[PDB]
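I have placed the structure first, in the form of structure tokens, so that the comments after it can refer back to it.
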Amino acid sequence: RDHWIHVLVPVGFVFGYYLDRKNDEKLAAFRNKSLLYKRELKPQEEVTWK
Amino acid sequence: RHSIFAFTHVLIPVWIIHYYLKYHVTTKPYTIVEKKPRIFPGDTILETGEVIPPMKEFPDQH
Amino acid sequence: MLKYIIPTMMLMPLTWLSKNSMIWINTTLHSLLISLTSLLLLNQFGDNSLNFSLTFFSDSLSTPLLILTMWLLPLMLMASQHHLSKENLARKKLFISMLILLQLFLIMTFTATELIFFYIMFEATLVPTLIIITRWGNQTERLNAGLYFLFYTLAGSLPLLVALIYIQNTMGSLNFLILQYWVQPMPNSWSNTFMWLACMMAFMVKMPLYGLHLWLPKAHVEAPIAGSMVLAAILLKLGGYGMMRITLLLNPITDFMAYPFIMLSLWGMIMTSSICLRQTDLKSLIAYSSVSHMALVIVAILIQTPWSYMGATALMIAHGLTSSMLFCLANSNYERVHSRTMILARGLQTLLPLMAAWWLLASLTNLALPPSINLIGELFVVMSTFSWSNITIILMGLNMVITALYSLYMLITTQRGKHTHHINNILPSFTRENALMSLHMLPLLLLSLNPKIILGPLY
Amino acid sequence: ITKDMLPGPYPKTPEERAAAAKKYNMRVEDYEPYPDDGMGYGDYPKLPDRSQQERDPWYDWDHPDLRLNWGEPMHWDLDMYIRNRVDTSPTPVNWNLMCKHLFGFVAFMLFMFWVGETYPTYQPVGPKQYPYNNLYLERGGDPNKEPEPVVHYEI
Amino acid sequence: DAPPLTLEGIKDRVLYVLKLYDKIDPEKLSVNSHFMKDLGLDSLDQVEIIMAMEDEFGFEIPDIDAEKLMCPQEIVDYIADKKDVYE
Amino acid sequence: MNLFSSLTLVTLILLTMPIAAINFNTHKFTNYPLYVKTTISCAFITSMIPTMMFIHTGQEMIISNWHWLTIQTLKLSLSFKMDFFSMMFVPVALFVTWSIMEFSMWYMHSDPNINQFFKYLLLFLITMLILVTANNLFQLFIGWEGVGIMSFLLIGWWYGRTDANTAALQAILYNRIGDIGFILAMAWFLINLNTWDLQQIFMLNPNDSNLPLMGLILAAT
Amino acid sequence: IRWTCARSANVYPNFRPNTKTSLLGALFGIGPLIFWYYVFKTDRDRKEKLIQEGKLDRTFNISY
Amino acid sequence: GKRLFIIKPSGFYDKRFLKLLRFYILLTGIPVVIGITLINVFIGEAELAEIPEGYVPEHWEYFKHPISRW
Amino acid sequence: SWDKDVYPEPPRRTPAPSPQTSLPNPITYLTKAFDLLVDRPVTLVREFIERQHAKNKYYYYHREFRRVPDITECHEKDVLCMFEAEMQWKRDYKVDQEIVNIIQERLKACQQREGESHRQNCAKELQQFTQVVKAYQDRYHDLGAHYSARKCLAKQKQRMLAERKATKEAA
Amino acid sequence: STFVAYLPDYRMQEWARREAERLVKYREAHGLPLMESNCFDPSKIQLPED
Amino acid sequence: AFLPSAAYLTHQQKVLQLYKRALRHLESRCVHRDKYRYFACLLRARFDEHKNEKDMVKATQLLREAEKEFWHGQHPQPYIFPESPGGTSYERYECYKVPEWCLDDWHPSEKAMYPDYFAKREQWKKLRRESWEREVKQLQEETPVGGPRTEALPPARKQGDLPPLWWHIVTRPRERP
Ligand SMILES: CCCCCCCCCCCCCCCCCC(=O)OC[C@H](COP(=O)([O-])OCC[N+](C)(C)C)OC(=O)CCCCCCCCCCCCCCCCC
Ligand SMILES: CCCCCCCCCCCCCCCCCC(=O)OC[C@H](COP(=O)([O-])OCC[N+](C)(C)C)OC(=O)CCCCCCCCCCCCCCCCC
Ligand SMILES: CCCCCCCCCCCCCCCCCC(=O)OC[C@H](COP(=O)([O-])OCC[N+](C)(C)C)OC(=O)CCCCCCCCCCCCCCCCC
């Protein structure tokens, strides 16, 4: 491919979104524990949100 | 081509604005608020049929 | 906020690894991709801010400023790609790298959850603008423009940082998601008076306040126009972000202390409008108009009513766009005539009609023509200042005359009248120039249809 | 442009005064500066403080829209003294007489307006008569409170 | 509106105005006839002619150019230059 | 009942069509003044129809057809108030303007910028018709500044002549003083009546309203 | 360029602070500020003392 | 017919810029408005209904327009 | 459509059109022309779009938030529950703002539809608007641009002490 | 422009209508006041001594 | 006093200018032709009665009294010709006086629309640029030392040689473009 310099920023954005999606995993201290948004975990499910 | 102005510049705006006013503005409440028509003695309401009773005779002077 | 910082830090090698003739095209294309990507920040709720992580958050306030910043970078890149054609390629990449670093520090400034982080990168922004101002200018006074710009701002904030550290020893955390619930009222004492002064004076200098505005005209009549646009449009907004992030902690002592600041701002905005009425340079006139607009923003955030906050944010964004495009107009004129005198080149409507149209649109949007967002913000601030007291409207009313009187006059002597006979190098409209002017103008008109995205954090 | 092309400080002796006069390219005696009262004027020439409408309009000026030539030492307030601004044309009427006439006219008829306010005109009529206690309900008054029944009497 | 005029049209006009003047006899006039030399009038009569031409053509001639043009041919040349004839 | 609003908004949008027609041109337009004159004649007829309807019946309407924003309590929306006043004044202005564009076809035929001239006065007519039928005060302010700016442009039409520029700047100054009075009235109305619409202002009926009346007097001056 | 340089850049280097310049600067620099400060101040105390005692009519004032 | 000349500045560049602006905005505006009226005429705007018992909705199942939901 | 209680409108009373003179009026002819040329194709394209709507008919639901303990039962400097209390308070703030907005809409509609005698027949709407304006002014006014539930609770406390002092000093 | 035109219910502003459209529909059917001068419950507050 | 060629206005010129301005103000005073003719003949007879006065100082004082009564008895709004300065149409058509060098900036696709005009323009420009060195040679030897003493331009002294500094005075466009 002779257009390697034009796929730098989309690769960076993909990496940044992957890093952010890994970042909310460490912030699961109060998942399905808030006094206003709590609900029973449905069958065929494991988490309320990824 | 003689009547292209009276069709394109008039009729298409009428159809567009009537579609918009009939099925997007009248569905929203209190948008087209119209003053009620004045009611005079001796008239008759079409939607009810009740007649406003006749006004008392004039104490005439002329 | 890693989905926009990593694109910037990854575009940094892209402008370092680009070819000798495709730096501008690649940088403009990828910055416009980042500008489209930045629209995802508008996932806003009426109660909770979009808190991305521990050290990054963005409410309804900072998101329009971020969008303005990474929409402003490609406009700066187009506006500064003419006179740097004879400049060496390594220094061209240095200039583009400086602009990229300035954008990165700006986006990290508006989303910093901790106030210490916000301060640290808010004057990490000081290095690239100083470098650009001092190196890529066009006069001798740029050297002096590196002093008055610097030694003002730091002198306002080296107290402030200490005060911030004191809050770290008082509250225990300078995080803004915590301090909305741990805030205590400020008693009336001399110590709290000096804490208020230290927390206020840095962004008072950075607006600038009248009396402390001397760094603004001396740093604008000589800059490369990328520096002029970033200074006028987005760099002055750090004071507004400082107001709307700091004034939570400084209640209720702000109410019975900000009287001389409001007096200074009102009478100095009257003075600077009058100074605009008797100017000879385009750049100085636009800079003094910016001083008047930021004094109005100072009053708007100092009276602290919700209508005033809406008007302050709207006026900030609209004035940034208008001042950037006015500086683009002045740069086109200085490119064509190689001077900054207003009376030198007159009657350009006879020769340049589309630049005359852009001049007319700039002048109309400058004096707050409805229904533009400039009029929306200015009107909201007008009503809020009338709610603060009645007599203020008199102190507004004269200004609203004067802010029209120069705003057309600056147009008229530059566009209307008999053209100068001994000037003959007036080229027609380059497509790059008019594309930049339309890219400045069209969002300013478009935001009038949907103003609710730029109406502050409490719409 | 160099260090002796831009204007300098106040010239004191005749020799530096002549050097400043030939810097602006004018007459040596006609070049006279502002008094050094500390306002920071400098060696700039003092024009006789007239407007620019007074210039010759039929003369072939270098700048026709400004009636200004090339190399002339211009006014300290050229921006103030354009045609589109304050004008010092010789009026056919005296200025003090104009101010006196305008002030006397305005004050006289303002006083007459206030005098007519004190003593107004009217018609030889009585008050208008309205039914139902001068339209108490139609004025917006509450119906739960019964008004005082006032009637209008024929004559 | 305002049709262009040729040089012979303004020449007919200027000789008409000269012939309608009592001081000019209608026989001795020419394009190059000097007012003080060929006809021997005064300066006041020259300014009278200048005013007549100003009122006839409906525009103002400056006083220096009023006193500089000294023959009917000079008047024709100045009028033809100011109206820019033969377009 | 339904012919009313449709035909009136057709009058407005038919007036605003030729501006978009001249803004998207790729060629020199063949008889653009004839286009504007024919459009305004049809608009005059289309606006004369509800005049006959109202003088037969006596109907008054409010058309709040497009929402704009809701800030705190206040709500602003694109509302047209058509009563005896505005909807009676509109056909008279349309007739006068139609005659004036025909006379301008006669008069300004020797100017190469005739299309820009017609576009400018059509824009002035658009913002004036916005002014007359405005319901809330903000739309009336929009029309006010629109007619002011169009007056400034059409006075400084001949931009070479400096007397026109001075007259235009003088008119701008006096109109801005009037706008100072109008904005003071606006601010008092908002701060004491919590509204900008005419219906709420008329219903609340303030007593000590000397200050807004003085501001409106200054605006009219 | 000579006039534009003499208008701005040649004011301070030929300025000497004497009685006239300092008096004019003090008259036109701190005078109107003090005047507006006092006017707005006494307006604020009058409005506040009217509103704490309930005399100010704030029946419909809910937007601020 | 005495067809004279009027000297005017070159309007080719301004006309070319305006043509380029209009073409480049229409090149995406026409497909965007065509797609918008196609989803508004065929896919269909949603309808208001109350929440059923025992069935939670998705985070995107609270809005009206299909484009907003997407 | 819309609910008729939240936007109440009186029934329409239109008098009978009976001609007095013999001259016909063009309004009936133009109404017939409008019904023929304009209303019929508009109804045709409307039945087209609603028939295309009927094939794919999915629903969207109104989001509802359960009641949370308010700011009064929050331990001081414990953000984990005053965050929820502030969240609920901001949602109720928006709801109350829209309530005053809908009352203003009712008042404007009454004043327009009652004609020239609106000063008497819109007394009920004026009383409701005055009551809701006084309620909003007591509940939310003078909070400042940095409003929070703590400031609203402190203002409510100060108003309660003022009312209790007025009761005690006039008992 | 297409993104911000069809942005999904900015700050739940339209939602702020709908629940309000419910709420008055409640309290106009049971004789309750529209809004009350007390933002919170006046019986669940310990008034300080005077 | 201020002239392109002279530095002092002779008393005869001042008398003539007074006569012109006073008679124009008289015409602006009385509108009708018969009254204007009668009073113009009266003013001409007055200037003729004071024409035979060869004393310089007496004509000096008579001019001073005459100017004083002329300013004392002038109309506030004298009639000004529509093309004269101060008129209703002064510099109105100046918005279409585009200079010729804008034709330099034309696109080559439009320069072929008028081929003969552009060929004539380039040959005129060639004529001007070869005559430039000849005319600066003409001024460089005819001008006195220390620059010219008067602004009157010299003519062309040779057949075939163009007039010196001829371009920008002859290049101004028509007053009705
Ligand atoms: C642009 C140039 C001018 C900039 C002006 C900036 C604002 C002016 C005031 C800044 C003061 C310095 C920061 C103080 C922060 C205090 C925070 C706090 O909580 O204080 C409470 C503390 C209170 O003391 P404490 O908290 O230790 O005591 C415990 C509490 N009590 C009192 C109950 C026992 O205040 C202080 O300690 C003193 C504060 C005033 C400091 C005065 C000295 C500095 C004067 C200003 C110099 C400004 C720069 C001049 C040169 C510029 C460059 C040429
Ligand atoms: C010749 C071709 C004509 C067009 C042919 C194709 C279209 C045919 C007709 C169908 C049209 C589309 C369906 C109906 C319309 C859309 C329905 C809808 O809900 O739309 C959403 C809304 C309706 O309002 P809303 O109530 O939904 O808005 C609330 C919006 N929030 C909550 C986000 C604040 O918008 C429109 O309908 C758009 C109206 C466009 C026309 C008005 C233009 C105004 C121009 C001036 C702008 C500046 C004014 C400043 C001052 C304002 C007043 C203070
Ligand atoms: C944002 C902060 C930073 C600033 C710089 C930003 C840089 C990046 C810019 C990205 C692109 C632009 C984004 C913002 C776009 C804003 C516009 C937008 O999309 O609005 C959405 C709004 C959305 O409307 P809405 O909000 O009413 O719709 C409600 C939403 N739905 C449909 C889902 C119910 O669009 C409109 O309002 C369009 C209305 C119709 C089009 C206009 C018709 C009239 C045209 C004029 C006719 C003539 C009038 C008279 C003229 C007289 C002379 C003057």
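Chain labels A, B, ... are given in the sequence in which chains occur in the structure tokens; within each chain residues are numbered consecutively from 1, and ligands are likewise numbered from 1 in the order shown.
Around residue 52 in chain E, within 10 Å and counting only C-alpha atoms, the residues found are residues 14, 17, 18, 21, 46 and 58 of chain E, once anything fewer than 6 positions away on its own chain is removed.
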Residues of chain C that approach ligand 3 to 6 Å or less, counting only C-alpha atoms and all ligand atoms: could you list each one with the shortest pair of atoms and its distance in Å to one decimal, rows by chain and increasing residue number, as a tab-separated table?
```
residue	atom	partner	partner_atom_place_in_ligand_line	distance
C:64	CA	ligand 3	2 (C)	3.8
C:67	CA	ligand 3	3 (C)	4.8
C:68	CA	ligand 3	3 (C)	4.0
C:71	CA	ligand 3	7 (C)	5.3
C:443	CA	ligand 3	12 (C)	5.3
C:446	CA	ligand 3	16 (C)	4.3
C:447	CA	ligand 3	16 (C)	4.6
C:449	CA	ligand 3	37 (O)	4.9
C:450	CA	ligand 3	20 (O)	4.8
```
Convert the current residue selection to file output with N, CA, C and O atoms, as a PDB file, in the first residue's frame.
```
ATOM      1  N   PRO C  64     -18.782  23.214  23.255  1.00  0.00           N
ATOM      2  CA  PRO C  64     -18.654  24.151  22.124  1.00  0.00           C
ATOM      3  C   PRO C  64     -17.274  24.769  21.999  1.00  0.00           C
ATOM      4  O   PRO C  64     -16.821  25.013  20.875  1.00  0.00           O
ATOM      5  N   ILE C  67     -15.120  22.129  20.271  1.00  0.00           N
ATOM      6  CA  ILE C  67     -15.476  22.051  18.855  1.00  0.00           C
ATOM      7  C   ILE C  67     -14.924  23.256  18.106  1.00  0.00           C
ATOM      8  O   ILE C  67     -14.390  23.125  16.997  1.00  0.00           O
ATOM      9  N   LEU C  68     -14.995  24.437  18.726  1.00  0.00           N
ATOM     10  CA  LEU C  68     -14.418  25.638  18.134  1.00  0.00           C
ATOM     11  C   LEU C  68     -12.908  25.513  17.984  1.00  0.00           C
ATOM     12  O   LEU C  68     -12.350  25.939  16.970  1.00  0.00           O
ATOM     13  N   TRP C  71     -12.076  22.926  15.254  1.00  0.00           N
ATOM     14  CA  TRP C  71     -12.469  23.482  13.967  1.00  0.00           C
ATOM     15  C   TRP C  71     -11.590  24.661  13.581  1.00  0.00           C
ATOM     16  O   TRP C  71     -11.428  24.951  12.390  1.00  0.00           O
ATOM     17  N   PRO C 443     -20.690  28.514   9.602  1.00  0.00           N
ATOM     18  CA  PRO C 443     -21.128  28.074  10.939  1.00  0.00           C
ATOM     19  C   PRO C 443     -21.715  29.182  11.794  1.00  0.00           C
ATOM     20  O   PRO C 443     -22.620  28.912  12.594  1.00  0.00           O
ATOM     21  N   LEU C 446     -25.156  29.351  10.725  1.00  0.00           N
ATOM     22  CA  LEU C 446     -25.871  28.101  10.968  1.00  0.00           C
ATOM     23  C   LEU C 446     -26.251  27.946  12.434  1.00  0.00           C
ATOM     24  O   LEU C 446     -27.327  27.426  12.747  1.00  0.00           O
ATOM     25  N   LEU C 447     -25.394  28.411  13.348  1.00  0.00           N
ATOM     26  CA  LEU C 447     -25.675  28.288  14.775  1.00  0.00           C
ATOM     27  C   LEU C 447     -26.854  29.138  15.232  1.00  0.00           C
ATOM     28  O   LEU C 447     -27.335  28.941  16.351  1.00  0.00           O
ATOM     29  N   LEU C 449     -29.797  28.980  13.839  1.00  0.00           N
ATOM     30  CA  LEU C 449     -30.972  28.121  13.741  1.00  0.00           C
ATOM     31  C   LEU C 449     -31.123  27.242  14.975  1.00  0.00           C
ATOM     32  O   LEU C 449     -32.240  27.022  15.455  1.00  0.00           O
ATOM     33  N   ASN C 450     -30.013  26.730  15.503  1.00  0.00           N
ATOM     34  CA  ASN C 450     -30.021  25.803  16.633  1.00  0.00           C
ATOM     35  C   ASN C 450     -29.060  26.318  17.697  1.00  0.00           C
ATOM     36  O   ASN C 450     -27.941  25.808  17.838  1.00  0.00           O
TER      37      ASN C 450
END
```
**OP:** Apply DSSP to the structure's backbone, then extract all residues of chain I labelled helix (DSSP H, G or I) and return them as a PyMOL selection string.
**Re:** chain I and resi 26-55+71-73+79-113+115-121+123-140+149-169
Around ligand 2, which protein and nucleic acid residues have at least one atom no more than 6 Å from it, if we count only C-alpha atoms and all ligand atoms? List them as a PDB file with N, CA, C and O atoms, in the first residue's frame.
```
ATOM      1  N   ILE B  16     -47.406  22.242  -0.200  1.00  0.00           N
ATOM      2  CA  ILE B  16     -46.400  21.983   0.827  1.00  0.00           C
ATOM      3  C   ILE B  16     -46.818  22.596   2.160  1.00  0.00           C
ATOM      4  O   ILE B  16     -46.781  21.929   3.203  1.00  0.00           O
ATOM      5  N   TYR B  20     -47.869  20.682   5.641  1.00  0.00           N
ATOM      6  CA  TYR B  20     -47.157  21.005   6.875  1.00  0.00           C
ATOM      7  C   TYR B  20     -48.105  21.518   7.954  1.00  0.00           C
ATOM      8  O   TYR B  20     -48.006  21.115   9.117  1.00  0.00           O
ATOM      9  N   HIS B  24     -48.681  18.557  10.658  1.00  0.00           N
ATOM     10  CA  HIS B  24     -47.564  18.767  11.576  1.00  0.00           C
ATOM     11  C   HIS B  24     -47.723  19.943  12.529  1.00  0.00           C
ATOM     12  O   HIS B  24     -47.040  19.958  13.557  1.00  0.00           O
TER      13      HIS B  24
ATOM     14  N   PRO C 371     -30.938  37.485  13.566  1.00  0.00           N
ATOM     15  CA  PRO C 371     -30.995  36.624  14.747  1.00  0.00           C
ATOM     16  C   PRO C 371     -29.705  35.856  15.001  1.00  0.00           C
ATOM     17  O   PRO C 371     -29.770  34.700  15.416  1.00  0.00           O
ATOM     18  N   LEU C 449     -29.797  28.980  13.839  1.00  0.00           N
ATOM     19  CA  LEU C 449     -30.972  28.121  13.741  1.00  0.00           C
ATOM     20  C   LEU C 449     -31.123  27.242  14.975  1.00  0.00           C
ATOM     21  O   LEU C 449     -32.240  27.022  15.455  1.00  0.00           O
TER      22      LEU C 449
ATOM     23  N   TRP F  66     -43.269  27.299  14.239  1.00  0.00           N
ATOM     24  CA  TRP F  66     -41.968  26.672  14.432  1.00  0.00           C
ATOM     25  C   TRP F  66     -41.423  27.043  15.799  1.00  0.00           C
ATOM     26  O   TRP F  66     -41.227  28.228  16.093  1.00  0.00           O
ATOM     27  N   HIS F  67     -41.183  26.035  16.627  1.00  0.00           N
ATOM     28  CA  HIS F  67     -40.519  26.245  17.903  1.00  0.00           C
ATOM     29  C   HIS F  67     -39.059  26.615  17.682  1.00  0.00           C
ATOM     30  O   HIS F  67     -38.402  26.093  16.777  1.00  0.00           O
ATOM     31  N   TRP F  68     -38.546  27.524  18.511  1.00  0.00           N
ATOM     32  CA  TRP F  68     -37.142  27.902  18.436  1.00  0.00           C
ATOM     33  C   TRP F  68     -36.364  27.462  19.670  1.00  0.00           C
ATOM     34  O   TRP F  68     -35.422  26.674  19.536  1.00  0.00           O
ATOM     35  N   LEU F  69     -36.746  27.910  20.869  1.00  0.00           N
ATOM     36  CA  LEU F  69     -36.030  27.477  22.065  1.00  0.00           C
ATOM     37  C   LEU F  69     -36.881  27.711  23.306  1.00  0.00           C
ATOM     38  O   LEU F  69     -37.856  28.467  23.287  1.00  0.00           O
ATOM     39  N   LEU F  76     -39.520  30.850  23.186  1.00  0.00           N
ATOM     40  CA  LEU F  76     -39.585  31.643  21.968  1.00  0.00           C
ATOM     41  C   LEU F  76     -39.791  30.713  20.784  1.00  0.00           C
ATOM     42  O   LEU F  76     -39.105  29.689  20.663  1.00  0.00           O
ATOM     43  N   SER F  77     -40.739  31.074  19.922  1.00  0.00           N
ATOM     44  CA  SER F  77     -41.112  30.275  18.767  1.00  0.00           C
ATOM     45  C   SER F  77     -41.475  31.205  17.619  1.00  0.00           C
ATOM     46  O   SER F  77     -41.829  32.368  17.826  1.00  0.00           O
ATOM     47  N   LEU F  78     -41.383  30.680  16.401  1.00  0.00           N
ATOM     48  CA  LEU F  78     -41.699  31.453  15.202  1.00  0.00           C
ATOM     49  C   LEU F  78     -43.209  31.613  15.109  1.00  0.00           C
ATOM     50  O   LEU F  78     -43.916  30.722  14.629  1.00  0.00           O
ATOM     51  N   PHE F 138     -39.278  39.632  19.918  1.00  0.00           N
ATOM     52  CA  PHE F 138     -37.985  39.306  19.322  1.00  0.00           C
ATOM     53  C   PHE F 138     -38.054  39.297  17.799  1.00  0.00           C
ATOM     54  O   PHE F 138     -37.122  39.755  17.127  1.00  0.00           O
ATOM     55  N   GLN F 139     -39.149  38.781  17.236  1.00  0.00           N
ATOM     56  CA  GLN F 139     -39.320  38.813  15.787  1.00  0.00           C
ATOM     57  C   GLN F 139     -39.476  40.243  15.287  1.00  0.00           C
ATOM     58  O   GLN F 139     -38.995  40.589  14.198  1.00  0.00           O
TER      59      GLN F 139
ATOM     60  N   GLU J  14     -37.199  17.783  25.376  1.00  0.00           N
ATOM     61  CA  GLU J  14     -38.521  17.312  24.978  1.00  0.00           C
ATOM     62  C   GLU J  14     -39.112  16.392  26.037  1.00  0.00           C
ATOM     63  O   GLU J  14     -40.319  16.445  26.309  1.00  0.00           O
TER      64      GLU J  14
END
```
How would you report the residues lying within 12 Å of ligand 1, as a ChimeraX atom specification, if you count only C-alpha atoms and all ligand atoms?
/C:148-171,186-206,208-209,211-215,249-250
Practice task
Name all residues at most 10 Å from residue 200 in chain F (count only C-alpha atoms; drop same-chain ones fewer than 3 positions away) and give them as a PyMOL selection string.
Solution key: (chain F and resi 136+193-197+203-205) or (chain I and resi 104-105+107-112+126)
Practice item. Determine, counting only C-alpha atoms, which protein, DNA and RNA residues have an atom within 9 Å of an atom of residue 64 in chain H; residues of the same chain fewer than 4 positions away are not included. Present the result as a ChimeraX atom specification. Key: /H:45-48,68-69 /I:59-60 /J:8-9
When the cut-off is 7 Å and we count only C-alpha atoms, which residues of chain C are near chain G, given as a PyMOL selection string? chain C and resi 260+263-264+305+307+384+387
Limited to C-alpha atoms, could you put the picked residues into a file as a CSV table (one decimal), in the first residue's frame?
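Output file part_23.csv follows:
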```csv
chain,number,residue,atom,x,y,z
C,260,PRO,CA,-14.9,48.0,41.2
C,263,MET,CA,-17.2,49.6,37.1
C,264,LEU,CA,-13.8,49.2,35.5
C,305,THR,CA,-27.3,35.0,36.9
C,307,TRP,CA,-29.4,34.4,31.8
C,384,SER,CA,-29.1,40.4,33.0
C,387,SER,CA,-31.6,43.0,36.3
```
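CA of residue 405 in chain C to CA of residue 173 in chain F spans 6.9 Å [interatomic distance, one decimal].
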field: Residues near range 18-23 of chain F, cut-off 9 Å, only C-alpha atoms, skip fewer than 5 positions along chain, as number ranges by chain
entry: F: 29, 32, 35-36, 39, 115, 119, 122-123
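Interatomic distance, CA of residue 10 in chain I against CA of residue 1 in chain F: 16.8 Å.
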task: Using only C-alpha atoms, select each residue of chain I with any atom at most 8 Å away from an atom of chain D, and give the selection as JSON, numbers by chain.
output: {"I": [117, 119, 120, 123]}
- Item | residue 86 in chain E surroundings by only C-alpha atoms, 12 Å radius, close-in-sequence under 6 positions cut, as a list in words | residues 4, 5, 6, 7, 8, 9 and 80 of chain E; 2 and 4 of chain H; 174 of chain K
File dump, residues just selected, N, CA, C and O atoms, as a PDB file, in the first residue's frame:
```pdb
ATOM      1  N   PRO E   4     -25.082  61.437 -26.499  1.00  0.00           N
ATOM      2  CA  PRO E   4     -23.751  61.999 -26.764  1.00  0.00           C
ATOM      3  C   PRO E   4     -23.784  63.050 -27.865  1.00  0.00           C
ATOM      4  O   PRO E   4     -24.562  62.966 -28.817  1.00  0.00           O
ATOM      5  N   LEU E   5     -22.919  64.049 -27.720  1.00  0.00           N
ATOM      6  CA  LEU E   5     -22.837  65.170 -28.645  1.00  0.00           C
ATOM      7  C   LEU E   5     -21.505  65.140 -29.381  1.00  0.00           C
ATOM      8  O   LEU E   5     -20.455  64.911 -28.774  1.00  0.00           O
ATOM      9  N   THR E   6     -21.554  65.371 -30.690  1.00  0.00           N
ATOM     10  CA  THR E   6     -20.342  65.453 -31.488  1.00  0.00           C
ATOM     11  C   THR E   6     -19.716  66.840 -31.361  1.00  0.00           C
ATOM     12  O   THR E   6     -20.290  67.758 -30.770  1.00  0.00           O
ATOM     13  N   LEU E   7     -18.513  66.986 -31.927  1.00  0.00           N
ATOM     14  CA  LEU E   7     -17.820  68.270 -31.868  1.00  0.00           C
ATOM     15  C   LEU E   7     -18.530  69.339 -32.688  1.00  0.00           C
ATOM     16  O   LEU E   7     -18.512  70.518 -32.314  1.00  0.00           O
ATOM     17  N   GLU E   8     -19.159  68.957 -33.800  1.00  0.00           N
ATOM     18  CA  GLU E   8     -19.880  69.945 -34.592  1.00  0.00           C
ATOM     19  C   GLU E   8     -21.168  70.382 -33.903  1.00  0.00           C
ATOM     20  O   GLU E   8     -21.620  71.511 -34.109  1.00  0.00           O
ATOM     21  N   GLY E   9     -21.742  69.530 -33.048  1.00  0.00           N
ATOM     22  CA  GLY E   9     -22.918  69.938 -32.294  1.00  0.00           C
ATOM     23  C   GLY E   9     -22.604  71.005 -31.262  1.00  0.00           C
ATOM     24  O   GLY E   9     -23.297  72.026 -31.171  1.00  0.00           O
ATOM     25  N   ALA E  80     -15.499  69.330 -25.295  1.00  0.00           N
ATOM     26  CA  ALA E  80     -15.350  68.013 -25.901  1.00  0.00           C
ATOM     27  C   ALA E  80     -14.471  67.095 -25.062  1.00  0.00           C
ATOM     28  O   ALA E  80     -14.675  65.876 -25.065  1.00  0.00           O
TER      29      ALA E  80
ATOM     30  N   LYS H   2     -22.771  52.203 -31.641  1.00  0.00           N
ATOM     31  CA  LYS H   2     -21.900  52.835 -30.644  1.00  0.00           C
ATOM     32  C   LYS H   2     -21.776  51.974 -29.388  1.00  0.00           C
ATOM     33  O   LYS H   2     -21.882  52.453 -28.258  1.00  0.00           O
ATOM     34  N   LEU H   4     -20.078  50.665 -26.695  1.00  0.00           N
ATOM     35  CA  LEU H   4     -18.871  51.047 -25.984  1.00  0.00           C
ATOM     36  C   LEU H   4     -18.466  49.946 -25.009  1.00  0.00           C
ATOM     37  O   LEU H   4     -19.149  48.931 -24.851  1.00  0.00           O
TER      38      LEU H   4
ATOM     39  N   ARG K 174     -14.431  57.479 -19.109  1.00  0.00           N
ATOM     40  CA  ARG K 174     -15.521  58.393 -19.411  1.00  0.00           C
ATOM     41  C   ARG K 174     -16.392  58.625 -18.183  1.00  0.00           C
ATOM     42  O   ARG K 174     -16.518  57.762 -17.311  1.00  0.00           O
TER      43      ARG K 174
END
```
